[PDB]
Amino acid sequence: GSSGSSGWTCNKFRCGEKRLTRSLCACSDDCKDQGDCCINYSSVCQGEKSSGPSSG
C-alpha cells in the first residue's frame, strides 16, 4: 500500500526505538545527540512517568 502521510509526531512506544525507514522525524535516543527529535518528542517521550499507574 501507500507509504503514508506526514507524521511529524512520535508515540510513547516509538520512544527508544532502533528501526526507522519511512518517518520524517526520529523517535530514538540518537535523535537527541544528532538533532532529529520529533517536535513533540519530549512531550511524548519526556512525559510524566514515575511511580504512577497511568500518565493520563
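Residues numbered from 1 in each chain as written, not as in the entry; some residues may be left out. Heavy atoms only, no water.

For this deposited structure, the header cites solution NMR as the method used.

Going by the annotation in the PDB entry, the name recorded for the protein is Ectonucleotide pyrophosphatase/phosphodiesterase family member 1, with Homo sapiens given as the source organism. Looking at the header, the entry is titled "Solution structure of the Somatomedin B domain of human Ectonucleotide pyrophosphatase/phosphodiesterase family member".

Caption draft 1: Quick look at a negative patch on the surface. A cluster of acidic residues, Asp-29, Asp-30, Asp-33 and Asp-36, forms a negative patch at the surface. On the secondary structure map, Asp-36 appears in the loop between α1 (29–34) and α2 (41–44). The class for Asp-36 is partly exposed, based on a relative accessible area of 47%. (Patch = residues over 30% accessible without salt bridge, like charges linked within 9 Å, V, L, I, M, F, W, Y side chains within 5 Å. Areas by Shrake-Rupley, 256 points an atom, 1.4 Å probe, with all protein chains shown as cover. Salt bridge = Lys/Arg side-chain N within 4 Å of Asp/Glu carboxyl O. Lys, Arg positive; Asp, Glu negative; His and termini not counted. Charge placed at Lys NZ, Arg CZ, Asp CG, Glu CD. Helix = DSSP H or I, 4+ residues; strand = E, 2+ residues; numbered from the N terminus. Buried < 20%, exposed > 50% of the residue type's maximum accessible area, 1.4 Å probe, protein only.)

Caption draft 2: Just the UniProt feature "disulfide bond" in the protein, in detail. Between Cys-25 and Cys-38, where UniProt annotates a disulfide, the S-S separation is 2.0 Å; being under 2.5 Å, the link is counted as present. You can see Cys-25 sitting in the segment before α1 and its partner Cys-38 sitting in the loop between α1 and α2, a full 13 residues away along the chain. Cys-38 carries the same exposure label as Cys-25, and that label is buried. (Disulfide = S-S within 2.5 Å. UniProt positions renumbered as here; feature names shortened; annotations may be inferred.)

Caption draft 3: Geometry of the state of the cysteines. The full count for this structure, using the stated rule, is 5 disulfides. A disulfide bridge connects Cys-10 with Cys-38, and the sulfur atoms are separated by 2.2 Å. A residue pair is termed long-range when its members are at least 10 positions apart, and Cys-10 in the segment before α1 and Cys-38 in the loop between α1 and α2 qualify at 28 residues. The disulfide partner of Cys-25 is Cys-38, and the gap between their sulfur atoms is 2.0 Å. Of note, the bridge from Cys-25 to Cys-38 carries an S-S torsion of about 75 degrees and is right-handed in sense. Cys-25 sits in the buried class, given a relative accessible area of 4%.

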